[PDB]
Each structure stands twice: as structure tokens, then as C-alpha cells.
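Take a look at the structure below.
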Amino acid sequence: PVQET
Amino acid sequence: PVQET
Amino acid sequence: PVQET
Amino acid sequence: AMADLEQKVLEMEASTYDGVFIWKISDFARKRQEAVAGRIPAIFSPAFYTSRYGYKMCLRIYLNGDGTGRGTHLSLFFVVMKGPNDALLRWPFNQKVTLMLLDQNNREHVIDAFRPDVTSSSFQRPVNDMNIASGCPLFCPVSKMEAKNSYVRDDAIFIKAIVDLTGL
Amino acid sequence: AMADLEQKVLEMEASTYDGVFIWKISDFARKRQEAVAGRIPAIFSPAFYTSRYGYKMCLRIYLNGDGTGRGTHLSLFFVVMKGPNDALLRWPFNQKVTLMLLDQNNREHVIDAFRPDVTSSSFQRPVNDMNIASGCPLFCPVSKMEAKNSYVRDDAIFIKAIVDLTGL
Amino acid sequence: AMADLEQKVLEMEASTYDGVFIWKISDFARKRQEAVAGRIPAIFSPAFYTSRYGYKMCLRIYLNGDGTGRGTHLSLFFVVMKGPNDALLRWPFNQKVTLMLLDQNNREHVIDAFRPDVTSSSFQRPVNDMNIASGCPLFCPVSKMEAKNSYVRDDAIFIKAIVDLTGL
């Protein structure tokens, strides 16, 4: 997963 | 089934 | 079980 | 935003998501009377579903009869309602439907069941909030239950529906 | 129709229909104190059921003890409530009941269990909203949990109940 | 105690307790526009859980993209929220997460899935109401769905999440 900005 | 009246 | 008081 | 919210909570409180629904009708004598008097011939039950995101359904009962059962029988019908997920469901509706009037001594219940008439508008994907109800106009003789018997107890009755989930 | 509706939604939010219930008691220090001070000796938990249309039940706890456990133990009892479907259920109530005080490190929980005393009014079909509660007056020593230990964390505890469904 | 209660009932109405959640976003064109215009870049979905007393979770979507997907894709993220039972759960969160954009003809859905990054603050036990969301910034090209296609129908779309329960 990639964290939100 | 029989529809309602 | 034991009833409550 | 006062009574409207309650109605929503009561319907939520009564919702089930496995195709099995038990509808308890209280104040029976009175509702029975209002039907006989023609002021309130039919009553809808709260909604229930076949699965968490399945078909939305409810029942409709005429305590003093509909059509061929008017004045002699209690008529019970099935209702397909416009559900939040109808676009993802298969149509027309084609699940077996079982309806029951529960004996409160649990000796002999009243029961009937049918496979949907796929040509009927009653089982097509809803355009309105509810399709035309369909089921059993001669469900139960007013004489059998109602009068003596153990279908009515402490002024209330229990109606049960079971939607077969084969294929779902 | 203001606070009344909230209370109903909170109880609904806490309802379970498989006989398993986990009750989180917050503001523990304060409630514990109000019990010790006698202003509020016992507290009822929200309701839960054995099945969608099964038995309606709740728990009652005395944070500073009841009867033989007064002032030395936390007393935990089971409560059979008047359910909407009691006419269709078998009586007296005869399902095994397990009660637990959960260790928050999950190492060693506090537990007890019993089979109903079928002669007791506590397990007969309810006439009032709730029958006389029954269970464990000496459930847990106030010393064990409460004081040091890992039963109380961030000012809260978890009580768990498991109603055996054998025969249902 | 007026609108606050409704919001609570709507979220309750949308809750699920088996790790499967289907989120229906209506008024799509408008929300899509408010994102493109930067007035409302992201939206949270209601909460759902892995079990009755399991992990509390929700989703967050950016209709016009986040990070690497800004302006070109619809970005979808997973959110671990502070649950009522976090003290009893194992941390960090380590369940597989699957996300989907449902094709309404049910021919070809959009899908992606990942195993949590256990070092990320996104999967640690929450201290705030919600952890930093994490998932897929390049989830779906705005062109694919949105424009032609069958992901958007009658001005609405369906987002689906499946939290694997292995070990729970």
C-alpha cells in the first residue's frame, strides 16, 4: 500500500 | 403467485 | 446460578 | 426530522439479511376490525433482504381478504422493493418464496410456497419503490385462525417468510 | 421523542444475535466509586439474543458486590428479559451460560459458567420486562482486578458472555 | 441532538461485521466535479468491521486523484480507525486488503489488493480517530470508468472492499 497525501 | 388486487 | 439480592 | 427518524430506526430494527423474516402483528383485533370496516384493508411489513447487499423485500397482508379471498380469508403477498443494489442483481427475481402463519403452540403451522412468475411485472427490476404485490389471496380462512385456535394469542400473530437462496 | 430515540439507537447499536456478547464498561473508576458509595450498586448492560428471533437477554453487574460478595467481589448476573418472540420459544430457559472478565493482555481471563436452575423464577417465561437476575455473586475478587493487574486499562473493562446454543 | 442522531443511524445502517463492504457513491457527477474543483478532494465511507468486536475500518476515495494519481486517476485508500475493542486486538494490523470498482454489467471489475506494510503508521493501533489512509493512488484511470463504460450508471458507482480474515 501507498499512504495518502 | 397471484398478484394483489 | 445464584439469584441476585 | 423528528418522527421521520424514528420510523427509520424501527424499520432498521426489524431488518434481516438472510432471506428469513418473522413479522409480529400486534393490536390484531383492532387492525382486523379496520380491515373488515374497509378503513385499512392492507398493511405492509418492514423490509428484509436476501443478503447484506441482496434483494430488498417486504410483505403485505389483508386481514379481511383480497380478490378471491375477500371477506373469507386472510390474504398474504410478497413484495419486491427497489433496493440500493438492484443494478448489481440478476432480474427478473426468481427465488422460491415460502409464506407461513405460525401456530403459537408450534403444532401445525399454516404454510404455502411458490416459484415466481417470471413474466409478471411483480418480479421485474423495480422502477417504483415497490412492485405490485403477488402471492396468496386465499392464504388462510378467517375462520380457522382468528376465531378459536392458537394462531392468535395475547392479541397478536406471527407471519413468517423464507426466501430460498439457491443460486445466490 | 428526543433522548428516548437515542437510548433506543444505542441499545440497537449494541445488539448481537448469536448468543455472544462483549460489554465494555467505561468510566470504570467513577462507576466503581458510585457502587462503593451505594448511590448506584448495579448496572444493566444492553440486550442481546440467542438468534435473530431468539431469547432476549442482558447482564447486571455490581461493581462492589451483591450478597455473599458485597464489598469483596464484583458480582455478575445473567438476566432473562421479556422478548418479542417468547410465545414461540421453549420454557423454562435451559441453555448453558458462560461469563467472563477479559484480561486485556489476553493471558488469563476470569471465567465461570453454569446450567440454569430450571425451578428458579429467574428462568421462567418473563411476565415483567426482566426476571430476577441470577449468576455469580463471588464472580471476581475486587482485589485481583481493579487494583493492579490488566483487567482494567485506560479506565475501562470488558465483560463477556456466551450463551450455548445446543438445541437451538 | 438532532442531526447528530441521524448521522449515527445512517452510519449504523451502513455497518457490516464480516470484513466485506460495498460502498455506493451517489450524486457522482457532482462529487466528481467538487474534487476536480478542489473544494472536496476526498470523501470517507461509513465504517465496517472484521467481526462483531473486530477491527473498525473505512475507506477514503479521491475522485480526481491523490499523489501520483492526481488529475489522472481515481485514488482509493484503506483506513484503520480507532475501534471500541482495539485493546483486545493484535497489532499492527496485518490482514490482506482487496479493493474493487464494480462493473455494473458484472463483466470486468477493477481490482487491486495488498498486504499491509507493518512498519507503516497506517497499520499501528490508532491513537487518533483514524490513522493515515493507505492503499492505491493509481487505482483506476479517470478515463476508463467515468467517461463511457459501465462503472458509472444512473449517476452512481459501487466500490467494494474485502478484508481477508485469515487468522481471525
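By convention here, the chains of the C-alpha cells are called A, B, ... in the order presented, each chain's residues are numbered starting at 1, and ligands are numbered starting at 1 in the order presented.
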Exercise for review: For residue E:151, list every protein, DNA or RNA residue within 8 Å, evaluated using only C-alpha atoms, and leave out those in the same chain fewer than 4 positions away; present the list as a PyMOL selection string.
Suggested key: chain E and resi 101-104+145-146+157-158
Check your understanding: Which polymer residues have any atom within 10 Å of an atom of residue C:4, counting only C-alpha atoms, with same-chain residues fewer than 4 positions away left out, as JSON, numbers by chain?
Key -> {"E": [60, 61, 62, 66, 67, 75, 76, 77, 78, 79, 122, 132, 133, 134, 135, 136, 137]}
Check your understanding: Skipping near chain neighbours, those fewer than 3 positions away, what residues fall within 8 Å of residue F:47 using only C-alpha atoms, listed as a PyMOL selection string?
Key -> chain F and resi 11+14-16+56-59
Review point. How many Å lie between atom CA of residue D:71 and atom CA of residue D:36, rounded to one decimal?
Key: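 Computing it gives 7.5 Å between the two atoms.
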Practice item. Rounded to one decimal place, report the atom CA of residue F:99-atom CA of residue F:139 distance in Å. Key: 8.9 Å
Review point. Quick one: which residues from chain F are at most 12 Å off chain E, using only C-alpha atoms, as a PyMOL selection string?
Key: chain F and resi 1-17+51-54+83-90
